[PDB]
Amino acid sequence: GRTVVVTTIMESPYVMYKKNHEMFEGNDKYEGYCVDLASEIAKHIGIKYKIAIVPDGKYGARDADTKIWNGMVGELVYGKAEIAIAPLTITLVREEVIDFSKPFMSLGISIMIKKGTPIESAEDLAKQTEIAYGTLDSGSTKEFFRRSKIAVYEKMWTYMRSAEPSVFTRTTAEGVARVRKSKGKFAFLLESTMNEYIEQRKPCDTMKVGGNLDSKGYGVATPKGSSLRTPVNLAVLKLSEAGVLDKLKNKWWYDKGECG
């Protein structure tokens, strides 16, 4: 082709297995927002591609000891993949080692509760101890709390980093399941995009509360020096300006929403 290796992550509704995925081959085993975005970008830039789910299941963080990058970021840094098409947050530490397109989606950190939990804000979580709260490992939300100098978020970090049993989860699905099973005694910090999707799905027992804690974006990532950098950036901007990104968000979040 060449057949370009695209790293991504299993995260609803971005990349999901189709019903009866075991009868399909290759790229056709998957569906979701990023599966459609990959198809659109590949058409615009004129590449053949193969979806490769990140082996360790992580977004990407650098180890304090070894300074080795894991997740999708690592797949790009170490030359295993040529492009990451996923809900991968544009951050300073990642921009130092990979390139990102302009954002294809705008978002912020948010709070997920089980319906009826007496929490409306981050300040509400920080000033109490009955309701535990946590976030995803190896991603931008955990780094946000680790680095914040805003007093409320500092207090939240000081609690989460030492909480027993652990409040951190290896996947978003694990955090959502923990909210649903914990009878109102666990809240989960996650991006507004994920939170809004889950709120639209049965059993319709969770909701997003309060405003977003920050304002940022997801971008399509390429390794430094890639000839795909500019074609990818221009493709994302063309798709944005043609309304395709809005159409795809509606397709995967709202058009078949299940919770009224």
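Numbering starts at 1 and follows the sequence shown.
Comparing 90 to 98 with 129 to 137, the higher mean C-alpha B-factor in the PDB entry belongs to 129 to 137. Taking only CA atoms, the mean B-factor in the PDB entry is higher for 120 to 128 than for the other of 71 to 79 and 120 to 128. Of the candidates 54, 47, 220, 213, the PDB record gives 47 the highest C-alpha temperature factor.
Residue 23 sits in the highest third of its chain by CA B factor, as recorded in the PDB entry. For residue 154, the recorded CA B-factor ranks within the highest third of the chain. Only modelled residues enter the ranking. Ranked by C-alpha B-factor against the other modelled residues of its chain, residue 193 falls in the lowest third. In this PDB entry, the Cα temperature factor of residue 181 sits in the top third of its chain's modelled residues, the highest group. For residue 161, the recorded CA B-factor ranks within the highest third of the chain. Only modelled residues enter the ranking.
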